[PDB]
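J.: For reference, the file final-v4.pdb (PDB, C-alpha atoms and all ligand atoms) is included below:
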ATOM      1  CA  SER X  23      36.034 -15.493-235.970
ATOM      2  CA  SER X  24      39.381 -16.142-237.818
ATOM      3  CA  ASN X  25      41.209 -14.435-240.753
ATOM      4  CA  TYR X  26      41.543 -16.069-244.218
ATOM      5  CA  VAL X  27      43.828 -15.826-247.226
ATOM      6  CA  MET X  28      42.537 -15.963-250.842
ATOM      7  CA  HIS X  29      44.765 -16.653-253.801
ATOM      8  CA  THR X  30      43.244 -15.385-257.047
ATOM      9  CA  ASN X  31      43.837 -16.723-260.583
ATOM     10  CA  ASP X  32      45.496 -13.344-261.577
ATOM     11  CA  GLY X  33      48.240 -13.980-258.920
ATOM     12  CA  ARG X  34      46.930 -11.754-256.092
ATOM     13  CA  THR X  35      46.914 -12.657-252.368
ATOM     14  CA  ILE X  36      44.022 -11.153-250.355
ATOM     15  CA  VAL X  37      43.822 -11.348-246.522
ATOM     16  CA  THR X  38      40.248 -11.227-245.219
ATOM     17  CA  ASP X  39      38.883 -10.197-241.829
ATOM     18  CA  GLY X  40      36.672 -13.200-241.025
ATOM     19  CA  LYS X  41      35.551 -16.014-243.335
ATOM     20  CA  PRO X  42      34.452 -14.996-246.888
ATOM     21  CA  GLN X  43      30.838 -15.857-247.787
ATOM     22  CA  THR X  44      28.631 -16.151-250.848
ATOM     23  CA  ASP X  45      26.620 -12.889-250.944
ATOM     24  CA  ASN X  46      22.856 -13.633-250.590
ATOM     25  CA  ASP X  47      21.907 -11.025-253.167
ATOM     26  CA  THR X  48      24.567 -11.364-255.868
ATOM     27  CA  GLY X  49      26.052 -14.884-255.561
ATOM     28  CA  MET X  50      29.559 -13.295-255.511
ATOM     29  CA  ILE X  51      32.179 -14.045-252.815
ATOM     30  CA  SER X  52      31.802 -11.324-250.182
ATOM     31  CA  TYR X  53      34.681 -10.469-247.789
ATOM     32  CA  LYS X  54      35.949  -7.671-245.514
ATOM     33  CA  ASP X  55      39.476  -6.496-246.383
ATOM     34  CA  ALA X  56      42.269  -5.641-243.877
ATOM     35  CA  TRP X  57      41.060  -1.917-243.969
ATOM     36  CA  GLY X  58      37.478  -2.942-242.933
ATOM     37  CA  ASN X  59      35.954  -2.414-246.400
ATOM     38  CA  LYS X  60      33.352  -4.874-247.747
ATOM     39  CA  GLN X  61      34.279  -6.225-251.205
ATOM     40  CA  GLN X  62      32.897  -8.850-253.572
ATOM     41  CA  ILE X  63      34.768 -10.993-256.068
ATOM     42  CA  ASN X  64      33.722 -13.785-258.388
ATOM     43  CA  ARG X  65      34.229 -17.364-257.065
ATOM     44  CA  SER X  66      35.611 -18.327-260.541
ATOM     45  CA  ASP X  67      38.548 -15.932-259.900
ATOM     46  CA  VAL X  68      39.440 -17.577-256.536
ATOM     47  CA  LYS X  69      42.057 -20.339-256.908
ATOM     48  CA  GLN X  70      42.477 -21.242-253.192
ATOM     49  CA  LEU X  71      41.049 -20.127-249.823
ATOM     50  CA  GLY X  72      42.465 -21.042-246.453
ATOM     51  CA  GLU X  73      42.369 -19.862-242.849
ATOM     52  CA  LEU X  74      45.392 -17.792-241.825
ATOM     53  CA  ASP X  75      47.442 -19.114-238.902
TER      54      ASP X  75
ATOM     55  CA  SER U  24      23.570   2.864-251.060
ATOM     56  CA  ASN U  25      25.269   3.064-254.574
ATOM     57  CA  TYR U  26      27.632   0.307-255.807
ATOM     58  CA  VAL U  27      30.513   0.058-258.333
ATOM     59  CA  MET U  28      30.798  -3.004-260.617
ATOM     60  CA  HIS U  29      33.988  -3.766-262.575
ATOM     61  CA  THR U  30      33.547  -6.096-265.543
ATOM     62  CA  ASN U  31      36.091  -8.495-267.147
ATOM     63  CA  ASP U  32      35.966  -6.393-270.409
ATOM     64  CA  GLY U  33      37.025  -3.294-268.398
ATOM     65  CA  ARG U  34      33.742  -1.427-267.794
ATOM     66  CA  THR U  35      32.915   0.422-264.563
ATOM     67  CA  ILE U  36      29.155   0.548-263.797
ATOM     68  CA  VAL U  37      27.592   2.537-260.925
ATOM     69  CA  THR U  38      24.325   1.086-259.615
ATOM     70  CA  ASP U  39      21.482   2.722-257.671
ATOM     71  CA  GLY U  40      21.204   0.325-254.756
ATOM     72  CA  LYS U  41      22.741  -3.121-254.355
ATOM     73  CA  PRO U  42      22.654  -5.421-257.435
ATOM     74  CA  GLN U  43      20.879  -8.799-257.077
ATOM     75  CA  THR U  44      20.358 -12.084-258.909
ATOM     76  CA  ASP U  45      17.246 -11.786-261.102
ATOM     77  CA  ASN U  46      14.621 -14.387-260.019
ATOM     78  CA  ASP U  47      13.581 -15.121-263.589
ATOM     79  CA  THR U  48      16.896 -15.171-265.502
ATOM     80  CA  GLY U  49      19.652 -15.838-262.934
ATOM     81  CA  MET U  50      21.551 -12.794-264.256
ATOM     82  CA  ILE U  51      22.795  -9.901-262.105
ATOM     83  CA  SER U  52      20.027  -7.284-262.102
ATOM     84  CA  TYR U  53      20.744  -3.653-261.214
ATOM     85  CA  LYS U  54      19.228  -0.204-261.545
ATOM     86  CA  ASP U  55      21.332   2.346-263.472
ATOM     87  CA  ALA U  56      21.753   6.102-262.582
ATOM     88  CA  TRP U  57      18.584   6.931-264.663
ATOM     89  CA  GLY U  58      16.399   4.398-262.825
ATOM     90  CA  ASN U  59      16.401   1.790-265.622
ATOM     91  CA  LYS U  60      16.664  -1.921-264.759
ATOM     92  CA  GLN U  61      19.551  -3.705-266.520
ATOM     93  CA  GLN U  62      20.963  -7.222-266.324
ATOM     94  CA  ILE U  63      24.470  -8.550-266.823
ATOM     95  CA  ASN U  64      25.967 -11.991-266.461
ATOM     96  CA  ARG U  65      27.705 -12.737-263.112
ATOM     97  CA  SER U  66      30.599 -14.390-265.064
ATOM     98  CA  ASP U  67      31.337 -10.919-266.608
ATOM     99  CA  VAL U  68      31.586  -9.222-263.170
ATOM    100  CA  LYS U  69      35.136  -9.126-261.773
ATOM    101  CA  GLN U  70      34.486  -6.953-258.660
ATOM    102  CA  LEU U  71      31.557  -5.393-256.845
ATOM    103  CA  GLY U  72      31.802  -2.851-254.047
ATOM    104  CA  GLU U  73      29.932  -0.142-252.166
ATOM    105  CA  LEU U  74      30.798   3.288-253.627
ATOM    106  CA  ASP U  75      32.239   5.989-251.230
TER     107      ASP U  75
ATOM    108  CA  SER Y  23       3.968  -7.399-269.682
ATOM    109  CA  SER Y  24       6.967  -5.419-271.155
ATOM    110  CA  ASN Y  25       9.443  -6.047-274.040
ATOM    111  CA  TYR Y  26      13.219  -6.574-273.511
ATOM    112  CA  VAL Y  27      16.420  -6.205-275.558
ATOM    113  CA  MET Y  28      18.988  -9.001-275.248
ATOM    114  CA  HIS Y  29      22.625  -8.720-276.413
ATOM    115  CA  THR Y  30      24.430 -11.996-277.002
ATOM    116  CA  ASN Y  31      28.188 -12.705-276.829
ATOM    117  CA  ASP Y  32      28.214 -13.499-280.627
ATOM    118  CA  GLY Y  33      27.153  -9.851-281.293
ATOM    119  CA  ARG Y  34      23.424 -10.378-281.925
ATOM    120  CA  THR Y  35      20.649  -8.040-280.683
ATOM    121  CA  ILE Y  36      17.365  -9.857-279.915
ATOM    122  CA  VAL Y  37      14.104  -8.078-278.972
ATOM    123  CA  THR Y  38      11.912 -10.274-276.741
ATOM    124  CA  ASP Y  39       8.125 -10.204-276.283
ATOM    125  CA  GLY Y  40       7.909 -10.244-272.489
ATOM    126  CA  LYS Y  41      10.654 -10.953-269.972
ATOM    127  CA  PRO Y  42      12.960 -13.937-270.678
ATOM    128  CA  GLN Y  43      13.039 -16.657-267.999
ATOM    129  CA  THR Y  44      14.965 -19.777-267.008
ATOM    130  CA  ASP Y  45      13.115 -22.804-268.409
ATOM    131  CA  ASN Y  46      12.075 -25.181-265.564
ATOM    132  CA  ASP Y  47      12.918 -28.303-267.545
ATOM    133  CA  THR Y  48      16.157 -27.369-269.357
ATOM    134  CA  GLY Y  49      17.739 -24.574-267.285
ATOM    135  CA  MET Y  50      18.190 -22.501-270.426
ATOM    136  CA  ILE Y  51      16.916 -18.958-270.974
ATOM    137  CA  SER Y  52      13.503 -19.175-272.607
ATOM    138  CA  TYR Y  53      12.124 -16.166-274.596
ATOM    139  CA  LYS Y  54       9.551 -15.277-277.271
ATOM    140  CA  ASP Y  55      10.964 -13.379-280.280
ATOM    141  CA  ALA Y  56       9.310 -10.416-282.170
ATOM    142  CA  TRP Y  57       7.692 -12.957-284.543
ATOM    143  CA  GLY Y  58       6.062 -14.900-281.632
ATOM    144  CA  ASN Y  59       8.483 -17.861-281.829
ATOM    145  CA  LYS Y  60       9.609 -19.517-278.558
ATOM    146  CA  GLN Y  61      13.369 -20.107-278.347
ATOM    147  CA  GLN Y  62      15.833 -21.074-275.659
ATOM    148  CA  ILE Y  63      19.429 -19.948-275.383
ATOM    149  CA  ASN Y  64      22.137 -20.568-272.815
ATOM    150  CA  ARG Y  65      22.599 -17.919-270.057
ATOM    151  CA  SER Y  66      26.385 -17.983-270.710
ATOM    152  CA  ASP Y  67      25.661 -16.626-274.253
ATOM    153  CA  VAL Y  68      23.697 -13.607-272.904
ATOM    154  CA  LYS Y  69      25.903 -10.528-272.335
ATOM    155  CA  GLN Y  70      23.195  -7.945-271.451
ATOM    156  CA  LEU Y  71      19.426  -7.847-270.933
ATOM    157  CA  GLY Y  72      17.375  -4.710-270.461
ATOM    158  CA  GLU Y  73      13.752  -3.545-270.451
ATOM    159  CA  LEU Y  74      12.613  -1.431-273.461
ATOM    160  CA  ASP Y  75      11.027   1.984-272.675
TER     161      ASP Y  75
ATOM    162  CA  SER H  23       4.181 -33.818-276.270
ATOM    163  CA  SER H  24       6.087 -31.989-279.111
ATOM    164  CA  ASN H  25       9.490 -32.521-280.844
ATOM    165  CA  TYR H  26      12.468 -30.143-280.336
ATOM    166  CA  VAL H  27      15.624 -29.164-282.183
ATOM    167  CA  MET H  28      18.978 -28.564-280.409
ATOM    168  CA  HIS H  29      21.855 -26.728-282.006
ATOM    169  CA  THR H  30      25.174 -27.592-280.365
ATOM    170  CA  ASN H  31      28.315 -25.415-280.161
ATOM    171  CA  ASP H  32      30.235 -27.991-282.362
ATOM    172  CA  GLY H  33      27.740 -27.299-285.241
ATOM    173  CA  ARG H  34      25.440 -30.335-284.847
ATOM    174  CA  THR H  35      21.619 -30.294-285.147
ATOM    175  CA  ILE H  36      19.800 -32.856-282.955
ATOM    176  CA  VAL H  37      16.033 -33.552-283.247
ATOM    177  CA  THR H  38      14.506 -34.819-279.998
ATOM    178  CA  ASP H  39      11.368 -36.860-279.368
ATOM    179  CA  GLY H  40       9.676 -34.733-276.690
ATOM    180  CA  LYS H  41      11.132 -31.844-274.679
ATOM    181  CA  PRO H  42      14.722 -32.302-273.349
ATOM    182  CA  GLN H  43      15.082 -32.172-269.545
ATOM    183  CA  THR H  44      17.786 -31.767-266.929
ATOM    184  CA  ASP H  45      18.506 -35.319-265.679
ATOM    185  CA  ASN H  46      17.671 -35.607-261.929
ATOM    186  CA  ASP H  47      20.717 -37.744-261.224
ATOM    187  CA  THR H  48      23.465 -36.191-263.350
ATOM    188  CA  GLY H  49      22.436 -32.568-264.063
ATOM    189  CA  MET H  50      23.064 -33.229-267.804
ATOM    190  CA  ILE H  51      20.493 -32.468-270.544
ATOM    191  CA  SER H  52      18.579 -35.704-271.132
ATOM    192  CA  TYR H  53      16.712 -36.331-274.429
ATOM    193  CA  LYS H  54      15.299 -39.161-276.575
ATOM    194  CA  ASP H  55      16.718 -39.226-280.118
ATOM    195  CA  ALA H  56      14.735 -39.899-283.348
ATOM    196  CA  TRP H  57      15.630 -43.694-282.975
ATOM    197  CA  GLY H  58      14.082 -43.820-279.433
ATOM    198  CA  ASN H  59      17.435 -43.938-277.598
ATOM    199  CA  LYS H  60      17.923 -41.953-274.365
ATOM    200  CA  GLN H  61      21.013 -39.699-274.492
ATOM    201  CA  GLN H  62      22.548 -37.040-272.261
ATOM    202  CA  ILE H  63      24.594 -34.017-273.262
ATOM    203  CA  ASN H  64      26.070 -31.129-271.325
ATOM    204  CA  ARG H  65      23.963 -27.909-271.220
ATOM    205  CA  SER H  66      27.203 -25.908-271.869
ATOM    206  CA  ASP H  67      27.409 -27.598-275.316
ATOM    207  CA  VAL H  68      23.832 -26.555-276.283
ATOM    208  CA  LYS H  69      23.736 -23.228-278.161
ATOM    209  CA  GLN H  70      19.961 -23.077-278.882
ATOM    210  CA  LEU H  71      16.857 -25.211-278.208
ATOM    211  CA  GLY H  72      13.496 -24.732-279.841
ATOM    212  CA  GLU H  73      10.291 -26.654-280.499
ATOM    213  CA  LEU H  74      10.055 -28.098-284.011
ATOM    214  CA  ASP H  75       7.079 -26.984-286.107
TER     215      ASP H  75
ATOM    216  CA  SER O  24      22.196 -50.928-266.135
ATOM    217  CA  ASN O  25      25.781 -49.941-267.337
ATOM    218  CA  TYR O  26      26.498 -46.493-268.853
ATOM    219  CA  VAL O  27      29.117 -45.009-271.236
ATOM    220  CA  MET O  28      30.604 -41.548-270.533
ATOM    221  CA  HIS O  29      32.575 -39.628-273.181
ATOM    222  CA  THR O  30      34.840 -36.887-271.842
ATOM    223  CA  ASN O  31      36.018 -33.654-273.559
ATOM    224  CA  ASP O  32      39.671 -34.963-273.446
ATOM    225  CA  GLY O  33      38.569 -38.071-275.418
ATOM    226  CA  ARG O  34      38.167 -40.766-272.734
ATOM    227  CA  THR O  35      35.426 -43.417-272.780
ATOM    228  CA  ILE O  36      34.404 -44.616-269.278
ATOM    229  CA  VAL O  37      31.983 -47.499-268.595
ATOM    230  CA  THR O  38      30.094 -47.206-265.302
ATOM    231  CA  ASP O  39      28.378 -49.867-263.177
ATOM    232  CA  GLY O  40      24.954 -48.301-262.790
ATOM    233  CA  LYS O  41      23.856 -44.756-263.582
ATOM    234  CA  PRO O  42      26.266 -41.935-262.575
ATOM    235  CA  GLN O  43      24.952 -39.251-260.176
ATOM    236  CA  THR O  44      25.880 -35.874-258.707
ATOM    237  CA  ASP O  45      27.815 -36.437-255.463
ATOM    238  CA  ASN O  46      25.917 -34.851-252.511
ATOM    239  CA  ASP O  47      29.103 -33.635-250.855
ATOM    240  CA  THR O  48      31.215 -32.366-253.786
ATOM    241  CA  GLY O  49      28.799 -31.623-256.657
ATOM    242  CA  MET O  50      30.974 -33.752-258.971
ATOM    243  CA  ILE O  51      29.702 -36.651-261.097
ATOM    244  CA  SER O  52      30.106 -39.799-258.990
ATOM    245  CA  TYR O  53      30.190 -43.250-260.593
ATOM    246  CA  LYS O  54      31.223 -46.808-259.831
ATOM    247  CA  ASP O  55      33.880 -48.288-262.153
ATOM    248  CA  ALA O  56      33.968 -51.931-263.498
ATOM    249  CA  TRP O  57      35.917 -53.033-260.329
ATOM    250  CA  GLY O  58      33.345 -51.569-257.920
ATOM    251  CA  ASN O  59      35.413 -48.495-256.971
ATOM    252  CA  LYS O  60      33.699 -45.111-256.539
ATOM    253  CA  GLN O  61      35.207 -42.340-258.699
ATOM    254  CA  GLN O  62      34.278 -38.714-259.328
ATOM    255  CA  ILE O  63      34.728 -36.497-262.361
ATOM    256  CA  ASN O  64      33.666 -32.959-263.110
ATOM    257  CA  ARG O  65      30.392 -32.558-265.088
ATOM    258  CA  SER O  66      32.116 -29.867-267.259
ATOM    259  CA  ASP O  67      34.514 -32.634-268.512
ATOM    260  CA  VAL O  68      31.624 -34.924-269.594
ATOM    261  CA  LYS O  69      30.592 -34.455-273.238
ATOM    262  CA  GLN O  70      28.058 -37.343-273.509
ATOM    263  CA  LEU O  71      26.440 -39.924-271.267
ATOM    264  CA  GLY O  72      24.375 -42.875-272.440
ATOM    265  CA  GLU O  73      23.061 -46.299-271.479
ATOM    266  CA  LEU O  74      25.378 -49.014-272.859
ATOM    267  CA  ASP O  75      23.839 -51.737-275.167
TER     268      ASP O  75
ATOM    269  CA  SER G  23      36.073 -41.951-242.404
ATOM    270  CA  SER G  24      38.226 -42.773-245.529
ATOM    271  CA  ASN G  25      41.068 -40.952-247.389
ATOM    272  CA  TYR G  26      40.740 -39.650-250.997
ATOM    273  CA  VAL G  27      43.074 -38.776-253.889
ATOM    274  CA  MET G  28      42.307 -35.575-255.807
ATOM    275  CA  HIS G  29      43.803 -34.704-259.222
ATOM    276  CA  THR G  30      43.725 -31.040-260.175
ATOM    277  CA  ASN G  31      43.697 -29.494-263.676
ATOM    278  CA  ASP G  32      47.176 -27.912-263.007
ATOM    279  CA  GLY G  33      48.619 -31.475-262.682
ATOM    280  CA  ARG G  34      48.792 -31.746-258.877
ATOM    281  CA  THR G  35      47.931 -34.900-256.873
ATOM    282  CA  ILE G  36      46.475 -34.148-253.411
ATOM    283  CA  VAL G  37      45.726 -36.828-250.775
ATOM    284  CA  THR G  38      42.854 -35.769-248.487
ATOM    285  CA  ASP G  39      42.115 -36.856-244.905
ATOM    286  CA  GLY G  40      38.420 -37.693-245.209
ATOM    287  CA  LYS G  41      36.043 -36.902-248.054
ATOM    288  CA  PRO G  42      36.191 -33.366-249.537
ATOM    289  CA  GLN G  43      32.947 -31.357-249.392
ATOM    290  CA  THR G  44      31.390 -28.155-250.712
ATOM    291  CA  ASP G  45      31.854 -25.438-248.075
ATOM    292  CA  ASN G  46      28.441 -24.062-246.945
ATOM    293  CA  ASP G  47      29.666 -20.476-246.810
ATOM    294  CA  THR G  48      31.913 -20.178-249.894
ATOM    295  CA  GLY G  49      30.721 -22.885-252.314
ATOM    296  CA  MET G  50      34.298 -24.053-252.768
ATOM    297  CA  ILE G  51      35.583 -27.594-252.231
ATOM    298  CA  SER G  52      36.826 -27.865-248.661
ATOM    299  CA  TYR G  53      39.366 -30.612-247.708
ATOM    300  CA  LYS G  54      41.954 -31.498-245.046
ATOM    301  CA  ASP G  55      45.441 -32.296-246.410
ATOM    302  CA  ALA G  56      47.851 -35.089-245.195
ATOM    303  CA  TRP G  57      49.392 -32.565-242.753
ATOM    304  CA  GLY G  58      45.971 -31.756-241.157
ATOM    305  CA  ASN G  59      45.643 -28.326-242.827
ATOM    306  CA  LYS G  60      42.171 -27.197-244.005
ATOM    307  CA  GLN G  61      42.135 -25.769-247.540
ATOM    308  CA  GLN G  62      39.507 -24.840-250.081
ATOM    309  CA  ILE G  63      39.812 -25.090-253.838
ATOM    310  CA  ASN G  64      37.404 -24.403-256.674
ATOM    311  CA  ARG G  65      35.421 -27.393-258.075
ATOM    312  CA  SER G  66      36.350 -26.270-261.629
ATOM    313  CA  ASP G  67      40.044 -26.960-260.737
ATOM    314  CA  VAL G  68      39.312 -30.585-259.680
ATOM    315  CA  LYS G  69      39.694 -33.083-262.559
ATOM    316  CA  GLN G  70      39.243 -36.375-260.624
ATOM    317  CA  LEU G  71      38.454 -37.496-257.073
ATOM    318  CA  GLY G  72      38.591 -41.064-255.837
ATOM    319  CA  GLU G  73      38.564 -43.048-252.589
ATOM    320  CA  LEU G  74      41.892 -44.670-251.534
ATOM    321  CA  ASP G  75      41.832 -48.455-250.850
TER     322      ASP G  75
HETATM  323 CL    CL X 101      25.057 -11.744-247.670
HETATM  324 CL    CL X 102      31.205 -20.390-259.532
HETATM  325 CL    CL X 103      14.254 -10.332-259.350
HETATM  326 CL    CL X 104       9.184 -22.736-267.769
HETATM  327 CL    CL X 105      24.895 -20.199-266.425
HETATM  328 CL    CL X 106      15.490 -37.491-264.867
HETATM  329 CL    CL X 107      25.361 -25.248-267.302
HETATM  330 CL    CL X 108      26.227 -38.919-253.128
HETATM  331 CL    CL X 109      30.926 -26.598-244.378
HETATM  332 CL    CL X 110      31.546 -25.467-260.297
END
Represent the structure of the file as C-alpha cells.
T.:
Amino acid sequence: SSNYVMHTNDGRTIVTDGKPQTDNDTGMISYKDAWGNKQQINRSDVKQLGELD
Amino acid sequence: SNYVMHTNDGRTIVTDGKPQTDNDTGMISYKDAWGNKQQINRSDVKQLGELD
Amino acid sequence: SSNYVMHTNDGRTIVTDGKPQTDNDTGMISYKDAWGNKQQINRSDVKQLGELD
Amino acid sequence: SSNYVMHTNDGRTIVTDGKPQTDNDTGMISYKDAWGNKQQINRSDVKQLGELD
Amino acid sequence: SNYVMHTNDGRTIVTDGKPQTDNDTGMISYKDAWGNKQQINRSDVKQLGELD
Amino acid sequence: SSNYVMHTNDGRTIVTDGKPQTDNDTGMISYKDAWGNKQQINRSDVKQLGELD
C-alpha cells in the first residue's frame, strides 16, 4: 500500500492513505484522508491522481 | 450507519444507511430520515461521507 | 407497482405510472406518463426521482 | 417494428424507421432515417425519444 | 466501408473502416486515410455516418 | 510496446511511454510519462490520443 495525491478541478490538493477506488455502491471515488476518515468525491471533480513519492 | 451528501447546488442531505446506485435508473438512491426512498443524479453529488 | 414523481433540470414535474427504468436499447430513462404514453428522457436531465405515497 | 421520434437539444426533430439503438462498436445512438440511411448521434444530444403513433 | 465523423468543434474526419470504442481507454478509436490509428473522445463526436 | 501522444483540453501535449489505459480501481486514464512517472487523468480531459511513428 502507497499514498496518493489528488488534484481537484476547484484547485484543492488531497493526500490519500492508500489508492483511491470507485465505491461499489455509489460509483463515487472513495478514499481515506490523512486523518483516517473515509470520504467520497465525484470522479468528474478529479483533475489528476498520482502516487506520492 | 447514516451518511451526509453535499450537492453541487449547495444542499446537505442526511441518509439513513449508505446510498447506492439504483439498479433500474442508474441514479443515486437513498433513504431519507422519514424512511422514504429518493433518487438524485450522481453528477449533482459533490461529496459523500459517513456522518459522526 | 407504485407511481413516482420526477423533477427535471428544465423545471418540469412529471408523474410516472410505475418506476422509470434505463431502456436496454437506448440507455435513456424510459417511463410511462399519467396518460399512459411511453417516453424516454436522458438521465442527465433528471434532477430528482421519488416514490409517491 | 414501430417508428420513433427524437427531439435533440439543438431543436431538431428526427423521425426514425424502427427503434434507435446504442451502436455496439461506438456507443453512439444508431438509427435509420426516413430515407433508409443509417446514422449515429450522441445520446447526450438527445433530449427526448418516443414511439410515433 | 469508410465513415464520416462530425465533431462538436466543427471538424469532419473520414475513417478507414468503422470507428470503435478502444478497449483500453474507452475513447473512440479509428484508422485515418494513411492507416494511422487515432483516438478521440465520444463526447466530442456530434455525428457519425457511412460515407457514400 | 509503442509510445503515444496525448492532447488535453487545457492545451497540453503529453508523450506517453506505452499505451494509456483505464485504471481498474479509479476509472481514470492511467499513463507513464517520458520521465517514467505514473499519472492518472480524467478521460473527459483527453481531446486526442495517437500512436507515435
Ligand atoms: Cl467499495
Ligand atoms: Cl465519471
Ligand atoms: Cl436498486
Ligand atoms: Cl427496456
Ligand atoms: Cl448519464
Ligand atoms: Cl450495433
Ligand atoms: Cl451518455
Ligand atoms: Cl480496441
Ligand atoms: Cl489498472
Ligand atoms: Cl468519461
J.: Taking the file above as input, evaluate the PyMOL selection byres (((chain Y and resi 62) around 8) and not hetatm) and report the hits as a PyMOL selection string.
T.: (chain Y and resi 45+50-53+60-61+63-64) or (chain H and resi 70-72)
J.: Within 12 Å of ligand CL 102 (chain X), counting only C-alpha atoms and all ligand atoms, which protein or nucleic acid residues do you find, written as a list in words?
T.: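 After applying the 12 Å limit, what remains is residues 44, 48, 49, 50, 51, 63, 64, 65, 66, 67, 68 and 69 of chain X; 65, 66, 67 and 68 of chain U; 49 of chain O; 44, 48, 49, 50, 51, 63, 64, 65, 66 and 67 of chain G.
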J.: Could you state the separation of CA of residue 64 (chain U) and CA of residue 51 (chain U) in Å, given to one decimal place?
T.: 5.8 Å
J.: Residues within 12 Å of residue 38 (chain Y), please, as JSON, numbers by chain. Count all atoms listed in the file; anything in the same chain fewer than 3 positions from it doesn't count.
T.: {"Y": [23, 24, 25, 26, 27, 28, 29, 35, 41, 42, 43, 51, 52, 53, 54, 55, 56, 57, 58, 59, 60, 61, 62, 71, 72, 73, 74]}
J.: Over every C-alpha pair, in sequence order, do a least-squares fit of chain O onto chain U and save the fitted chain as a CSV table (one decimal) with C-alpha atoms, keeping the file's coordinate frame.
T.:
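out-v1.csv, freshly written:
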chain,number,residue,atom,x,y,z
O,24,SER,CA,23.6,2.9,-251.1
O,25,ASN,CA,25.3,3.1,-254.6
O,26,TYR,CA,27.6,0.3,-255.8
O,27,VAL,CA,30.5,0.1,-258.3
O,28,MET,CA,30.8,-3.0,-260.6
O,29,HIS,CA,34.0,-3.8,-262.6
O,30,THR,CA,33.5,-6.1,-265.5
O,31,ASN,CA,36.1,-8.5,-267.1
O,32,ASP,CA,36.0,-6.4,-270.4
O,33,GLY,CA,37.0,-3.3,-268.4
O,34,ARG,CA,33.7,-1.4,-267.8
O,35,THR,CA,32.9,0.4,-264.6
O,36,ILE,CA,29.2,0.5,-263.8
O,37,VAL,CA,27.6,2.5,-260.9
O,38,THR,CA,24.3,1.1,-259.6
O,39,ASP,CA,21.5,2.7,-257.7
O,40,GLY,CA,21.2,0.3,-254.8
O,41,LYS,CA,22.7,-3.1,-254.4
O,42,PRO,CA,22.7,-5.4,-257.4
O,43,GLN,CA,20.9,-8.8,-257.1
O,44,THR,CA,20.4,-12.1,-258.9
O,45,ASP,CA,17.2,-11.8,-261.1
O,46,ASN,CA,14.6,-14.4,-260.0
O,47,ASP,CA,13.6,-15.1,-263.6
O,48,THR,CA,16.9,-15.2,-265.5
O,49,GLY,CA,19.7,-15.8,-262.9
O,50,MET,CA,21.6,-12.8,-264.3
O,51,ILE,CA,22.8,-9.9,-262.1
O,52,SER,CA,20.0,-7.3,-262.1
O,53,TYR,CA,20.7,-3.7,-261.2
O,54,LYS,CA,19.2,-0.2,-261.5
O,55,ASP,CA,21.3,2.3,-263.5
O,56,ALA,CA,21.8,6.1,-262.6
O,57,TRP,CA,18.6,6.9,-264.7
O,58,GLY,CA,16.4,4.4,-262.8
O,59,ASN,CA,16.4,1.8,-265.6
O,60,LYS,CA,16.7,-1.9,-264.8
O,61,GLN,CA,19.6,-3.7,-266.5
O,62,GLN,CA,21.0,-7.2,-266.3
O,63,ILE,CA,24.5,-8.6,-266.8
O,64,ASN,CA,26.0,-12.0,-266.5
O,65,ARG,CA,27.7,-12.7,-263.1
O,66,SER,CA,30.6,-14.4,-265.1
O,67,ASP,CA,31.3,-10.9,-266.6
O,68,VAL,CA,31.6,-9.2,-263.2
O,69,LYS,CA,35.1,-9.1,-261.8
O,70,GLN,CA,34.5,-7.0,-258.7
O,71,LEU,CA,31.6,-5.4,-256.8
O,72,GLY,CA,31.8,-2.9,-254.0
O,73,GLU,CA,29.9,-0.1,-252.2
O,74,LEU,CA,30.8,3.3,-253.6
O,75,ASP,CA,32.2,6.0,-251.2
J.: Go through the shown structure with the PyMOL selection byres ((chain U) within 6 of (chain X and not hetatm)) and write out the matching residues as a VMD selection string.
T.: chain U and resid 43 to 44 69 to 72
J.: Figure out the distance between CA of residue 32 (chain G) and CA of residue 42 (chain O), please, to one decimal in Å.
T.: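 Pair CA of residue 42 (chain O) / CA of residue 32 (chain G) returns 25.2 Å.
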J.: Rounded to one decimal in Å, what is the spacing between CA of residue 75 (chain Y) and CA of residue 38 (chain U)?
T.: 18.7 Å
J.: Can you sort out the box for region 66-75 of chain Y, edges along x, y and z, all listed atoms in, 3 Å on every side, with centre and edge lengths in Å to one decimal, as lines of an AutoDock Vina configuration file?
T.:
center_x = 18.7
center_y = -8.0
center_z = -272.4
size_x = 21.4
size_y = 26.0
size_z = 9.8
J.: How would you write, as a ChimeraX atom specification, the residues chosen by the PyMOL selection byres (((chain U and resi 54) around 12) and not hetatm) on this structure?
T.: /U:24-28,36-43,45,51-53,55-63 /Y:72-73
J.: When you get a chance, write out N, CA, C and O atoms for region 30-35 of chain H, as a PDB file, in the coordinates of the input.
T.:
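Below is the file that was written, part-v7.pdb:
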ATOM      1  N   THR H  30      24.036 -27.495-281.293  1.00  0.00           N
ATOM      2  CA  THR H  30      25.174 -27.592-280.365  1.00  0.00           C
ATOM      3  C   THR H  30      26.269 -26.600-280.774  1.00  0.00           C
ATOM      4  O   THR H  30      26.244 -26.080-281.888  1.00  0.00           O
ATOM      5  N   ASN H  31      27.231 -26.345-279.874  1.00  0.00           N
ATOM      6  CA  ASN H  31      28.315 -25.415-280.161  1.00  0.00           C
ATOM      7  C   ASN H  31      29.291 -25.983-281.209  1.00  0.00           C
ATOM      8  O   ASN H  31      29.896 -25.183-281.928  1.00  0.00           O
ATOM      9  N   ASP H  32      29.367 -27.340-281.365  1.00  0.00           N
ATOM     10  CA  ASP H  32      30.235 -27.991-282.362  1.00  0.00           C
ATOM     11  C   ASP H  32      29.556 -28.085-283.775  1.00  0.00           C
ATOM     12  O   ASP H  32      30.072 -28.772-284.663  1.00  0.00           O
ATOM     13  N   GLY H  33      28.444 -27.371-283.964  1.00  0.00           N
ATOM     14  CA  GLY H  33      27.740 -27.299-285.241  1.00  0.00           C
ATOM     15  C   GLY H  33      26.744 -28.395-285.573  1.00  0.00           C
ATOM     16  O   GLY H  33      26.243 -28.441-286.705  1.00  0.00           O
ATOM     17  N   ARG H  34      26.430 -29.280-284.608  1.00  0.00           N
ATOM     18  CA  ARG H  34      25.440 -30.335-284.847  1.00  0.00           C
ATOM     19  C   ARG H  34      24.004 -29.826-284.648  1.00  0.00           C
ATOM     20  O   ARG H  34      23.772 -28.853-283.934  1.00  0.00           O
ATOM     21  N   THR H  35      23.051 -30.533-285.247  1.00  0.00           N
ATOM     22  CA  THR H  35      21.619 -30.294-285.147  1.00  0.00           C
ATOM     23  C   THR H  35      20.996 -31.611-284.721  1.00  0.00           C
ATOM     24  O   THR H  35      21.078 -32.587-285.461  1.00  0.00           O
TER      25      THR H  35
END
